[PDB]
Amino acid sequence: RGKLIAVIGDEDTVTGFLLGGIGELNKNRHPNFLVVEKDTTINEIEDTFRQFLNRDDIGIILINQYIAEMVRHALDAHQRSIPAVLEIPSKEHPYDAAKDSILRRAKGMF
Amino acid sequence: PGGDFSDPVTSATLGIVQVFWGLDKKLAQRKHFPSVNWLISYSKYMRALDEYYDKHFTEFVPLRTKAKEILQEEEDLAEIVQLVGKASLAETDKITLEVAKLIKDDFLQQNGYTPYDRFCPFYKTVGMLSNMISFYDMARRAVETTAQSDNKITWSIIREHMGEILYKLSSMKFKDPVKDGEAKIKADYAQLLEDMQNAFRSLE
Amino acid sequence: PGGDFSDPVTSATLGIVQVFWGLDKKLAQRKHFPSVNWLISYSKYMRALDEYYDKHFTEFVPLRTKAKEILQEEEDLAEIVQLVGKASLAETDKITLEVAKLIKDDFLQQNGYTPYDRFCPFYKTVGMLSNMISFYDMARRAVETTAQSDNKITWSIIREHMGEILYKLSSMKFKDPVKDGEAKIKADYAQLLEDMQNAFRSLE
Amino acid sequence: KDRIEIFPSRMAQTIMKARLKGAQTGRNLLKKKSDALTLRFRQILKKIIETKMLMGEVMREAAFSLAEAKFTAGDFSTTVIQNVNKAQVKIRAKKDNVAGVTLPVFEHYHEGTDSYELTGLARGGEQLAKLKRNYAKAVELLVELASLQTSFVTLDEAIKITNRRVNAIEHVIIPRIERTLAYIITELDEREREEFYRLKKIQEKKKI
């Protein structure tokens, strides 16, 4: 209806999810996703993550597993249900349950 | 002494009087007079008067019994909802709660300083109670039939379509016998019952 | 007999005396010498002595009133923090609770054998109360101004800001006035107020 | 604190026994709600791991489908990344009344503006179409996981507050009321015995 899924991913996953229909340019004419290449810094990535968090029109986010590891403290600094944040694997980093903030909230449930 | 049953005198008189008319302190603080408990009270004259009310009216006994059941179920649901903050009020619970709340507000308290309340005869009471049980019955039947079949009917559509019926039902209280005859008021009760029937048919 | 203040002798005594100093065994279990309750005690003679206390000081009434207010509000908040678990606290509430803790531990407590509080004259009492009330006022004003605009000051921030000043404030009571001069302690407490003002200006 | 402030009496005994009964019923009712909440927590966590493993392998499906799409077409990456105008998939937020507390959930929406058509990348449209299908199915399963995860995160604090309430009720008020009732029974006994003795002394005096 009004909220749009957003993707912070490397080039291949980003093409994959743009191909699945995920993607918009808002009235402000900006992408609702970010491209991750080899040459990026954790600090501006964290500021863009904050741009995502504070913006109201997202709901759910989709971040790779090593990309989510690269920003782990800032990622886990947020605890609110409405901005859902979900982790996905990648080609070279299959899924890892031991590395996940929400499954860390479920402490001792193993 | 103290407004309770501890004293020997109140115990002894309670143990030999046929009919007890316990009066609530809290309802006396609520100013919904007369402040009758309706729960700690009793009377051992139902059964004898059953024969009387069958010979003359043929309608009072089931209406009265249902009135007690609905009031009591409201009391029990009140005792339940205190903790959950009425969050778990379902549809049937809502109908029961509203029906008994209306019974409290319109037909369980009178104003002794006004012409339309200083005295209600038997037949007038029977008419109002018949009307109460009537709308309860029709509302419950409608919601049950629609929940079983399709397009469940909730209290929101009920309030929307038949606000006039409910207003008329609350305003039966003011059918002043002092300034009006018996024929007018009885025809009013019958015509409001038929209006409720017609409105429920419209919403069916 | 047993601390039960409803016993006959205390009941007869409370009606005749003018000043009453209720004492609490729980405090005496804490060794909170003197174990006075400070909430059920009273004294009808305050009105007759306000005139004297003005003809000598003129700067005690606000102190007393604010002390009563802070203690009363702490006692009210006691239940809310007991049930909740010290989470649902606006910053002013935490401020008053913790300043109440400081006044209770510092001004109210006093040892009755150690040389440095065998005796305590009135002026030191005035000095300590003025210090603590002024600190309360400055802390709340700073937190109000930083709350309305932005960057609401948490109590942890002021704690880490001036824990040393808090430590000096509490250790104020080590004086033994018998040896040291009165004006020396007055200048000492003025110096602590200067320290607090400097800290609040630097945070300002 | 340890005793509810009231004058002891028989009426008081009745009111305090009633208040104790009310507290007990409240405790039982809270226990039932906690049972339902932990049931919801367990059933939510039942197969989140399973569905997440399905997610991982489906992502790998889409991944090597992309690997094979890197073959026929070529350098499509920048062509796609530049062509970004509108979304064909959207979140239709719904509600889920799992218990007495309601948690938001989501729904998979096909908005309607079809996926765009790139027929020029050296004529490799078939691989792009199967890749579209793969990532569409993946995104469906992912919105399902997102709904589940949202409900889990809110239901955690819901359970915490309920458990705190029941614990505070069972370890504060009930002992207090019980001690108050013990004190009340003692006081009533005292008061009756005083009258007994004084009546006895009248009786003895009357013998003379």
# chains A, B, ... in the order shown; residues from 1 in each chain; ligands from 1

call {"tool": "select_by_dssp", "arguments": {"residues": "range 11-206 of chain D", "states": "strand (DSSP E)", "output": "PyMOL selection string"}}
result
chain D and resi 89-91+94-96+103-105+108-110

call {"tool": "residues_around", "arguments": {"residues": "residue 93 in chain D", "least_positions_apart": "2", "cutoff": "12 Å", "atoms": "only C-alpha atoms", "output": "mmCIF file with N, CA, C and O atoms, in the first residue's frame"}}
result
data_model
loop_
_atom_site.group_PDB
_atom_site.id
_atom_site.type_symbol
_atom_site.label_atom_id
_atom_site.label_comp_id
_atom_site.auth_asym_id
_atom_site.auth_seq_id
_atom_site.Cartn_x
_atom_site.Cartn_y
_atom_site.Cartn_z
ATOM 1 N N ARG A 1 0.824 -1.200 0.000
ATOM 2 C CA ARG A 1 0.000 0.000 0.000
ATOM 3 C C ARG A 1 0.867 1.262 0.000
ATOM 4 O O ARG A 1 0.852 2.022 -0.969
ATOM 5 N N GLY A 2 1.618 1.481 1.082
ATOM 6 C CA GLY A 2 2.397 2.700 1.232
ATOM 7 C C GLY A 2 3.863 2.514 1.571
ATOM 8 O O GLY A 2 4.672 3.417 1.333
ATOM 9 N N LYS A 3 4.227 1.358 2.119
ATOM 10 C CA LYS A 3 5.590 1.087 2.553
ATOM 11 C C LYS A 3 6.289 0.179 1.551
ATOM 12 O O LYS A 3 5.666 -0.718 0.974
ATOM 13 N N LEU A 4 7.586 0.411 1.357
ATOM 14 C CA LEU A 4 8.367 -0.259 0.325
ATOM 15 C C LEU A 4 9.585 -0.942 0.930
ATOM 16 O O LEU A 4 10.322 -0.335 1.711
ATOM 17 N N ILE A 5 9.796 -2.203 0.554
ATOM 18 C CA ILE A 5 10.999 -2.927 0.943
ATOM 19 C C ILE A 5 12.220 -2.291 0.293
ATOM 20 O O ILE A 5 12.201 -1.939 -0.894
ATOM 21 N N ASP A 57 9.347 5.385 5.381
ATOM 22 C CA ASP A 57 8.638 4.713 4.297
ATOM 23 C C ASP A 57 9.310 3.414 3.856
ATOM 24 O O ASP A 57 9.277 3.076 2.668
ATOM 25 N N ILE A 58 9.893 2.664 4.792
ATOM 26 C CA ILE A 58 10.646 1.447 4.480
ATOM 27 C C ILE A 58 9.943 0.198 5.006
ATOM 28 O O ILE A 58 9.539 -0.669 4.229
ATOM 29 N N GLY A 59 9.802 0.081 6.321
ATOM 30 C CA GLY A 59 9.252 -1.128 6.903
ATOM 31 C C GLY A 59 10.278 -2.235 7.064
ATOM 32 O O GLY A 59 10.771 -2.466 8.172
ATOM 33 N N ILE A 60 10.623 -2.915 5.971
ATOM 34 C CA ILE A 60 11.527 -4.060 5.994
ATOM 35 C C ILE A 60 12.748 -3.751 5.139
ATOM 36 O O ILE A 60 12.642 -3.113 4.088
ATOM 37 N N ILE A 82 8.810 -2.144 14.070
ATOM 38 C CA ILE A 82 8.262 -1.617 12.816
ATOM 39 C C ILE A 82 9.332 -1.466 11.740
ATOM 40 O O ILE A 82 9.089 -1.891 10.601
ATOM 41 N N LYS D 90 5.221 -4.511 -3.568
ATOM 42 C CA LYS D 90 4.976 -3.565 -2.488
ATOM 43 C C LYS D 90 4.555 -4.309 -1.225
ATOM 44 O O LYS D 90 4.153 -5.476 -1.268
ATOM 45 N N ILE D 91 4.670 -3.620 -0.092
ATOM 46 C CA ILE D 91 4.259 -4.151 1.203
ATOM 47 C C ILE D 91 2.859 -3.637 1.510
ATOM 48 O O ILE D 91 2.657 -2.425 1.643
ATOM 49 N N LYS D 95 -2.629 -6.753 9.931
ATOM 50 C CA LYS D 95 -2.523 -6.982 11.365
ATOM 51 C C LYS D 95 -2.679 -8.466 11.667
ATOM 52 O O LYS D 95 -3.264 -9.224 10.888
ATOM 53 N N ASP D 96 -2.152 -8.875 12.818
ATOM 54 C CA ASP D 96 -2.210 -10.275 13.231
ATOM 55 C C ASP D 96 -2.492 -10.291 14.725
ATOM 56 O O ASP D 96 -1.587 -10.054 15.528
ATOM 57 N N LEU D 103 0.127 -7.729 16.817
ATOM 58 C CA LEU D 103 1.416 -7.493 16.196
ATOM 59 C C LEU D 103 1.226 -7.235 14.710
ATOM 60 O O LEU D 103 0.506 -8.001 14.055
ATOM 61 N N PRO D 104 1.830 -6.193 14.133
ATOM 62 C CA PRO D 104 1.701 -5.993 12.685
ATOM 63 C C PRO D 104 2.388 -7.094 11.890
ATOM 64 O O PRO D 104 3.353 -7.714 12.340
ATOM 65 N N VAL D 105 1.855 -7.342 10.698
ATOM 66 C CA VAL D 105 2.392 -8.301 9.747
ATOM 67 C C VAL D 105 2.345 -7.658 8.365
ATOM 68 O O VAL D 105 2.049 -6.470 8.228
ATOM 69 N N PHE D 106 2.666 -8.441 7.334
ATOM 70 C CA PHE D 106 2.800 -7.936 5.975
ATOM 71 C C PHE D 106 2.172 -8.910 4.983
ATOM 72 O O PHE D 106 1.834 -10.047 5.320
ATOM 73 N N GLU D 107 2.021 -8.438 3.746
ATOM 74 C CA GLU D 107 1.398 -9.187 2.662
ATOM 75 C C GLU D 107 2.172 -8.920 1.378
ATOM 76 O O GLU D 107 2.630 -7.795 1.149
ATOM 77 N N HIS D 108 2.313 -9.945 0.542
ATOM 78 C CA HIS D 108 3.018 -9.787 -0.725
ATOM 79 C C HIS D 108 2.083 -9.237 -1.794
ATOM 80 O O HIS D 108 1.054 -9.843 -2.106
ATOM 81 N N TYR D 109 2.464 -8.104 -2.380
ATOM 82 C CA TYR D 109 1.628 -7.380 -3.328
ATOM 83 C C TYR D 109 2.309 -7.353 -4.689
ATOM 84 O O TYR D 109 3.502 -7.049 -4.782
ATOM 85 N N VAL D 143 9.351 -11.917 2.490
ATOM 86 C CA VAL D 143 8.335 -11.118 3.175
ATOM 87 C C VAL D 143 7.646 -11.953 4.246
ATOM 88 O O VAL D 143 7.301 -11.445 5.325
ATOM 89 N N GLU D 144 7.443 -13.247 3.980
ATOM 90 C CA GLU D 144 6.906 -14.104 5.038
ATOM 91 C C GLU D 144 7.828 -14.114 6.259
ATOM 92 O O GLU D 144 7.373 -13.961 7.405
ATOM 93 N N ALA D 146 9.962 -11.836 7.151
ATOM 94 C CA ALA D 146 9.934 -10.522 7.789
ATOM 95 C C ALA D 146 8.728 -10.372 8.706
ATOM 96 O O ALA D 146 8.846 -9.847 9.821
ATOM 97 N N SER D 147 7.554 -10.808 8.246
ATOM 98 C CA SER D 147 6.379 -10.775 9.110
ATOM 99 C C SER D 147 6.617 -11.587 10.377
ATOM 100 O O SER D 147 6.357 -11.116 11.498
ATOM 101 N N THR D 150 9.115 -9.748 12.758
ATOM 102 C CA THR D 150 8.482 -8.621 13.437
ATOM 103 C C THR D 150 7.629 -9.102 14.606
ATOM 104 O O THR D 150 7.720 -8.576 15.733
#

call {"tool": "residues_around", "arguments": {"residues": "residue 164 in chain C", "least_positions_apart": "5", "cutoff": "12 Å", "atoms": "only C-alpha atoms", "output": "list in words"}}
result
residues 158, 159, 169, 170, 171, 192, 195, 196 and 199 of chain C

call {"tool": "write_last_selection", "arguments": {"atoms": "N, CA and C atoms", "output": "short mmCIF file (atom, residue, chain, number, x, y, z; two decimals), in the first residue's frame"}}
result
data_model
loop_
_atom_site.label_atom_id
_atom_site.label_comp_id
_atom_site.auth_asym_id
_atom_site.auth_seq_id
_atom_site.Cartn_x
_atom_site.Cartn_y
_atom_site.Cartn_z
N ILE C 158 24.89 13.97 34.74
CA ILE C 158 25.30 14.85 35.83
C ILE C 158 26.11 14.07 36.86
N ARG C 159 25.76 12.80 37.09
CA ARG C 159 26.53 11.98 38.01
C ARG C 159 27.99 11.89 37.57
N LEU C 169 30.10 16.90 48.99
CA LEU C 169 28.83 17.25 49.61
C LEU C 169 28.47 16.28 50.73
N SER C 170 28.57 14.98 50.47
CA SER C 170 28.22 14.03 51.52
C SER C 170 29.21 14.10 52.67
N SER C 171 30.51 14.21 52.37
CA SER C 171 31.51 14.25 53.42
C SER C 171 31.53 15.58 54.17
N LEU C 192 31.98 25.05 48.52
CA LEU C 192 31.30 23.96 47.83
C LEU C 192 30.21 24.49 46.91
N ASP C 195 31.90 25.57 43.88
CA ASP C 195 32.23 24.43 43.05
C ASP C 195 31.03 23.98 42.23
N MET C 196 29.86 23.90 42.87
CA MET C 196 28.66 23.50 42.16
C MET C 196 28.31 24.51 41.07
N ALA C 199 30.64 24.03 38.13
CA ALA C 199 30.29 22.85 37.36
C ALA C 199 29.05 23.11 36.50
#

call {"tool": "closest_atom_pairs", "arguments": {"of": "chain B", "to": "chain D", "cutoff": "7 Å", "atoms": "only C-alpha atoms", "output": "JSON lines"}}
result
{"residue": "B:4", "atom": "CA", "partner": "D:11", "partner_atom": "CA", "distance": 6.7}
{"residue": "B:6", "atom": "CA", "partner": "D:11", "partner_atom": "CA", "distance": 6.3}
{"residue": "B:87", "atom": "CA", "partner": "D:100", "partner_atom": "CA", "distance": 6.6}
{"residue": "B:88", "atom": "CA", "partner": "D:100", "partner_atom": "CA", "distance": 6.4}

call {"tool": "residues_around", "arguments": {"residues": "range 48-52 of chain D", "least_positions_apart": "5", "cutoff": "9 Å", "atoms": "only C-alpha atoms", "output": "list in words"}}
result
residues 88, 95 and 97 of chain A; 57, 141, 142, 145, 148 and 149 of chain D

call {"tool": "write_last_selection", "arguments": {"atoms": "N, CA, C and O atoms", "output": "short mmCIF file (atom, residue, chain, number, x, y, z; two decimals), in the first residue's frame"}}
result
data_model
loop_
_atom_site.label_atom_id
_atom_site.label_comp_id
_atom_site.auth_asym_id
_atom_site.auth_seq_id
_atom_site.Cartn_x
_atom_site.Cartn_y
_atom_site.Cartn_z
N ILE A 88 20.26 -11.89 5.03
CA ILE A 88 20.22 -12.88 3.95
C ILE A 88 21.66 -13.31 3.71
O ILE A 88 22.59 -12.58 4.08
N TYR A 95 24.31 -18.86 4.68
CA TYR A 95 23.61 -18.38 5.87
C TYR A 95 24.26 -18.93 7.13
O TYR A 95 24.68 -20.09 7.19
N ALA A 97 23.41 -18.96 11.29
CA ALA A 97 22.49 -18.63 12.37
C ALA A 97 23.23 -18.08 13.59
O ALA A 97 22.66 -17.31 14.37
N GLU D 57 18.89 -21.81 0.63
CA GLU D 57 19.05 -22.59 -0.59
C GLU D 57 18.33 -21.94 -1.77
O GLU D 57 18.83 -21.98 -2.90
N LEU D 141 9.04 -15.56 -0.09
CA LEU D 141 9.42 -16.23 1.15
C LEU D 141 10.05 -15.24 2.13
O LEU D 141 9.88 -15.37 3.36
N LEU D 142 10.75 -14.23 1.62
CA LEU D 142 11.40 -13.26 2.49
C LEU D 142 10.41 -12.34 3.18
O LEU D 142 10.60 -11.99 4.35
N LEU D 145 9.14 -14.28 6.03
CA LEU D 145 10.08 -14.28 7.15
C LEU D 145 10.07 -12.95 7.88
O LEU D 145 10.20 -12.91 9.11
N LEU D 148 7.13 -12.81 10.21
CA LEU D 148 7.41 -13.66 11.37
C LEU D 148 8.36 -12.95 12.33
O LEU D 148 8.15 -12.95 13.55
N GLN D 149 9.41 -12.34 11.79
CA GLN D 149 10.45 -11.79 12.64
C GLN D 149 9.93 -10.58 13.41
O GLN D 149 10.24 -10.41 14.60
#

call {"tool": "interface_residues", "arguments": {"of": "chain D", "to": "chain A", "cutoff": "9 Å", "atoms": "only C-alpha atoms", "output": "tab-separated table (two decimals) with N, CA, C and O atoms, in the first residue's frame"}}
result
chain	number	residue	atom	x	y	z
D	49	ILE	N	13.97	-21.54	11.81
D	49	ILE	CA	15.24	-22.07	11.32
D	49	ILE	C	15.03	-22.85	10.03
D	49	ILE	O	15.82	-22.73	9.08
D	52	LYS	N	14.31	-20.57	7.24
D	52	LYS	CA	15.53	-19.82	6.93
D	52	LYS	C	16.51	-20.67	6.12
D	52	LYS	O	17.23	-20.15	5.26
D	53	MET	N	16.54	-21.97	6.37
D	53	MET	CA	17.35	-22.85	5.53
D	53	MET	C	16.79	-22.90	4.11
D	53	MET	O	17.55	-22.86	3.12
D	55	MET	N	15.23	-20.50	2.79
D	55	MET	CA	15.64	-19.20	2.27
D	55	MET	C	17.06	-19.24	1.73
D	55	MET	O	17.33	-18.72	0.64
D	56	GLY	N	17.98	-19.83	2.48
D	56	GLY	CA	19.36	-19.88	2.03
D	56	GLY	C	19.52	-20.63	0.73
D	56	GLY	O	20.17	-20.16	-0.21
D	57	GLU	N	18.89	-21.81	0.63
D	57	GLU	CA	19.05	-22.59	-0.59
D	57	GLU	C	18.33	-21.94	-1.77
D	57	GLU	O	18.83	-21.98	-2.90
D	59	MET	N	18.01	-18.71	-2.14
D	59	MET	CA	18.89	-17.63	-2.55
D	59	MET	C	20.02	-18.17	-3.41
D	59	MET	O	20.42	-17.54	-4.38
D	60	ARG	N	20.54	-19.34	-3.06
D	60	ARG	CA	21.60	-19.93	-3.88
D	60	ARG	C	21.08	-20.31	-5.27
D	60	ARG	O	21.81	-20.21	-6.26
D	62	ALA	N	18.73	-18.59	-6.90
D	62	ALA	CA	18.75	-17.32	-7.62
D	62	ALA	C	20.17	-16.91	-7.95
D	62	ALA	O	20.43	-16.30	-9.00
D	63	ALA	N	21.12	-17.25	-7.08
D	63	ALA	CA	22.51	-16.83	-7.28
D	63	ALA	C	23.12	-17.50	-8.50
D	63	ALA	O	23.72	-16.82	-9.35
D	64	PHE	N	23.01	-18.83	-8.61
D	64	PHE	CA	23.61	-19.45	-9.80
D	64	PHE	C	22.74	-19.25	-11.03
D	64	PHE	O	23.25	-19.33	-12.16
D	66	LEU	N	21.64	-16.25	-11.64
D	66	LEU	CA	22.34	-15.04	-12.05
D	66	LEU	C	23.68	-15.38	-12.68
D	66	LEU	O	24.11	-14.72	-13.64
D	77	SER	N	24.56	-5.42	-15.89
D	77	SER	CA	24.45	-4.90	-14.53
D	77	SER	C	24.16	-3.40	-14.53
D	77	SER	O	23.20	-2.95	-13.90
D	78	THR	N	24.97	-2.62	-15.25
D	78	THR	CA	24.76	-1.18	-15.25
D	78	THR	C	23.51	-0.78	-16.02
D	78	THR	O	22.86	0.21	-15.68
D	80	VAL	N	20.71	-2.40	-15.99
D	80	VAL	CA	19.61	-2.55	-15.04
D	80	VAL	C	19.70	-1.49	-13.95
D	80	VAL	O	18.69	-0.89	-13.57
D	81	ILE	N	20.91	-1.23	-13.43
D	81	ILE	CA	21.03	-0.32	-12.29
D	81	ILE	C	20.63	1.09	-12.70
D	81	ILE	O	20.16	1.88	-11.87
D	84	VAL	N	15.85	2.48	-13.34
D	84	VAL	CA	15.16	2.38	-12.06
D	84	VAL	C	14.10	3.47	-11.97
D	84	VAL	O	14.41	4.63	-11.69
D	85	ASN	N	12.84	3.10	-12.21
D	85	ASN	CA	11.73	4.05	-12.24
D	85	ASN	C	10.63	3.73	-11.24
D	85	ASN	O	10.26	4.60	-10.44
D	86	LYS	N	10.10	2.51	-11.24
D	86	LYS	CA	8.98	2.19	-10.36
D	86	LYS	C	9.07	0.74	-9.90
D	86	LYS	O	9.73	-0.10	-10.53
D	87	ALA	N	8.40	0.45	-8.79
D	87	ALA	CA	8.39	-0.87	-8.17
D	87	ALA	C	7.16	-1.67	-8.58
D	87	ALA	O	6.05	-1.13	-8.66
D	88	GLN	N	7.37	-2.96	-8.83
D	88	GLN	CA	6.28	-3.88	-9.11
D	88	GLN	C	5.87	-4.70	-7.89
D	88	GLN	O	4.83	-5.37	-7.94
D	89	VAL	N	6.62	-4.64	-6.79
D	89	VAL	CA	6.31	-5.37	-5.56
D	89	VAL	C	6.25	-4.38	-4.41
D	89	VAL	O	7.13	-3.52	-4.28
D	90	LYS	N	5.22	-4.51	-3.57
D	90	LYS	CA	4.98	-3.57	-2.49
D	90	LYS	C	4.56	-4.31	-1.23
D	90	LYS	O	4.15	-5.48	-1.27
D	91	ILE	N	4.67	-3.62	-0.09
D	91	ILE	CA	4.26	-4.15	1.20
D	91	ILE	C	2.86	-3.64	1.51
D	91	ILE	O	2.66	-2.42	1.64
D	92	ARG	N	1.90	-4.55	1.64
D	92	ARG	CA	0.56	-4.23	2.12
D	92	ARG	C	0.48	-4.64	3.59
D	92	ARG	O	0.22	-5.81	3.90
D	93	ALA	N	0.69	-3.68	4.48
D	93	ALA	CA	0.72	-3.97	5.90
D	93	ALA	C	-0.66	-4.38	6.39
D	93	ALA	O	-1.65	-3.70	6.14
D	104	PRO	N	1.83	-6.19	14.13
D	104	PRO	CA	1.70	-5.99	12.69
D	104	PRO	C	2.39	-7.09	11.89
D	104	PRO	O	3.35	-7.71	12.34
D	109	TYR	N	2.46	-8.10	-2.38
D	109	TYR	CA	1.63	-7.38	-3.33
D	109	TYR	C	2.31	-7.35	-4.69
D	109	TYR	O	3.50	-7.05	-4.78
D	110	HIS	N	1.55	-7.68	-5.74
D	110	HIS	CA	1.94	-7.38	-7.11
D	110	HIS	C	1.24	-6.09	-7.49
D	110	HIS	O	0.06	-6.09	-7.86
D	111	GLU	N	1.95	-4.97	-7.38
D	111	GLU	CA	1.35	-3.66	-7.61
D	111	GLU	C	0.70	-3.56	-8.98
D	111	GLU	O	-0.46	-3.14	-9.09
D	113	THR	N	2.62	-2.58	-12.25
D	113	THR	CA	3.57	-2.12	-13.27
D	113	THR	C	4.59	-3.23	-13.52
D	113	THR	O	5.47	-3.47	-12.70
D	114	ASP	N	4.47	-3.89	-14.66
D	114	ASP	CA	5.19	-5.13	-14.93
D	114	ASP	C	6.71	-4.90	-14.87
D	114	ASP	O	7.21	-3.78	-14.97
D	115	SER	N	7.44	-6.00	-14.68
D	115	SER	CA	8.89	-5.96	-14.74
D	115	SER	C	9.34	-5.55	-16.14
D	115	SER	O	8.77	-5.98	-17.14
D	116	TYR	N	10.36	-4.71	-16.19
D	116	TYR	CA	10.76	-4.10	-17.44
D	116	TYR	C	11.38	-5.12	-18.38
D	116	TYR	O	11.70	-6.25	-17.99
D	128	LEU	N	17.01	-14.15	-18.32
D	128	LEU	CA	16.53	-13.07	-17.48
D	128	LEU	C	15.14	-13.38	-16.92
D	128	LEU	O	14.85	-13.05	-15.77
D	131	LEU	N	15.46	-15.95	-14.15
D	131	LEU	CA	16.02	-15.25	-13.00
D	131	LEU	C	14.97	-14.40	-12.29
D	131	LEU	O	14.94	-14.34	-11.05
D	132	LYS	N	14.12	-13.72	-13.07
D	132	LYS	CA	13.00	-12.98	-12.49
D	132	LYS	C	12.12	-13.90	-11.66
D	132	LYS	O	11.74	-13.55	-10.53
D	133	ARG	N	11.79	-15.07	-12.19
D	133	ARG	CA	10.96	-16.02	-11.45
D	133	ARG	C	11.63	-16.42	-10.14
D	133	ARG	O	11.00	-16.44	-9.07
D	134	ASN	N	12.93	-16.74	-10.21
D	134	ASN	CA	13.66	-17.15	-9.01
D	134	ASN	C	13.62	-16.07	-7.93
D	134	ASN	O	13.26	-16.34	-6.78
D	135	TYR	N	13.97	-14.84	-8.30
D	135	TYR	CA	14.01	-13.80	-7.28
D	135	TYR	C	12.61	-13.43	-6.81
D	135	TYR	O	12.44	-13.02	-5.65
D	136	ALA	N	11.59	-13.59	-7.65
D	136	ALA	CA	10.23	-13.33	-7.18
D	136	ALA	C	9.83	-14.31	-6.09
D	136	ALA	O	9.33	-13.91	-5.03
D	137	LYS	N	10.06	-15.60	-6.32
D	137	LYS	CA	9.75	-16.59	-5.29
D	137	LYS	C	10.54	-16.32	-4.02
D	137	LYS	O	10.00	-16.40	-2.90
D	138	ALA	N	11.83	-16.00	-4.17
D	138	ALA	CA	12.64	-15.68	-3.01
D	138	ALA	C	12.04	-14.52	-2.23
D	138	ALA	O	11.91	-14.60	-1.00
D	139	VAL	N	11.63	-13.45	-2.92
D	139	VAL	CA	11.11	-12.29	-2.21
D	139	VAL	C	9.80	-12.63	-1.51
D	139	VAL	O	9.51	-12.09	-0.43
D	142	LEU	N	10.75	-14.23	1.62
D	142	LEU	CA	11.40	-13.26	2.49
D	142	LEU	C	10.41	-12.34	3.18
D	142	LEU	O	10.60	-11.99	4.35
D	143	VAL	N	9.35	-11.92	2.49
D	143	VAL	CA	8.33	-11.12	3.18
D	143	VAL	C	7.65	-11.95	4.25
D	143	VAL	O	7.30	-11.44	5.32
D	145	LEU	N	9.14	-14.28	6.03
D	145	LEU	CA	10.08	-14.28	7.15
D	145	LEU	C	10.07	-12.95	7.88
D	145	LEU	O	10.20	-12.91	9.11
D	146	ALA	N	9.96	-11.84	7.15
D	146	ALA	CA	9.93	-10.52	7.79
D	146	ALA	C	8.73	-10.37	8.71
D	146	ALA	O	8.85	-9.85	9.82
D	147	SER	N	7.55	-10.81	8.25
D	147	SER	CA	6.38	-10.78	9.11
D	147	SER	C	6.62	-11.59	10.38
D	147	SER	O	6.36	-11.12	11.50
D	149	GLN	N	9.41	-12.34	11.79
D	149	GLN	CA	10.45	-11.79	12.64
D	149	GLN	C	9.93	-10.58	13.41
D	149	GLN	O	10.24	-10.41	14.60
D	150	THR	N	9.12	-9.75	12.76
D	150	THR	CA	8.48	-8.62	13.44
D	150	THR	C	7.63	-9.10	14.61
D	150	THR	O	7.72	-8.58	15.73
D	151	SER	N	6.78	-10.11	14.35
D	151	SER	CA	5.94	-10.60	15.43
D	151	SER	C	6.79	-11.14	16.57
D	151	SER	O	6.47	-10.91	17.75
D	152	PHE	N	7.88	-11.83	16.25
D	152	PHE	CA	8.74	-12.37	17.31
D	152	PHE	C	9.30	-11.25	18.17
D	152	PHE	O	9.26	-11.32	19.41
D	153	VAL	N	9.84	-10.22	17.53
D	153	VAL	CA	10.54	-9.19	18.30
D	153	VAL	C	9.57	-8.45	19.22
D	153	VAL	O	9.91	-8.14	20.36
D	154	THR	N	8.35	-8.18	18.76
D	154	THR	CA	7.41	-7.52	19.66
D	154	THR	C	6.91	-8.48	20.75
D	154	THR	O	6.74	-8.09	21.92
D	156	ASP	N	8.40	-10.75	22.24
D	156	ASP	CA	9.38	-10.92	23.31
D	156	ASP	C	9.12	-9.94	24.46
D	156	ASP	O	9.01	-10.35	25.63

call {"tool": "decode", "arguments": {"residues": "range 53-58 of chain A", "atoms": "N, CA and C atoms", "output": "PDB file, in the first residue's frame"}}
result
ATOM      1  N   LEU A  53      16.977   3.983   8.561  1.00  0.00           N
ATOM      2  CA  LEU A  53      16.213   3.800   9.794  1.00  0.00           C
ATOM      3  C   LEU A  53      15.250   4.955  10.026  1.00  0.00           C
ATOM      4  N   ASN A  54      15.748   6.185   9.918  1.00  0.00           N
ATOM      5  CA  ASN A  54      14.939   7.339  10.279  1.00  0.00           C
ATOM      6  C   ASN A  54      13.828   7.578   9.267  1.00  0.00           C
ATOM      7  N   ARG A  55      14.073   7.269   7.994  1.00  0.00           N
ATOM      8  CA  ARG A  55      13.049   7.429   6.972  1.00  0.00           C
ATOM      9  C   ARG A  55      11.885   6.490   7.260  1.00  0.00           C
ATOM     10  N   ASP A  56      10.669   7.027   7.188  1.00  0.00           N
ATOM     11  CA  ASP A  56       9.492   6.307   7.653  1.00  0.00           C
ATOM     12  C   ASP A  56       8.960   5.289   6.652  1.00  0.00           C
ATOM     13  N   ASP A  57       9.347   5.385   5.381  1.00  0.00           N
ATOM     14  CA  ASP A  57       8.638   4.713   4.297  1.00  0.00           C
ATOM     15  C   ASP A  57       9.310   3.414   3.856  1.00  0.00           C
ATOM     16  N   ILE A  58       9.893   2.664   4.792  1.00  0.00           N
ATOM     17  CA  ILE A  58      10.646   1.447   4.480  1.00  0.00           C
ATOM     18  C   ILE A  58       9.943   0.198   5.006  1.00  0.00           C
TER      19      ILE A  58
END
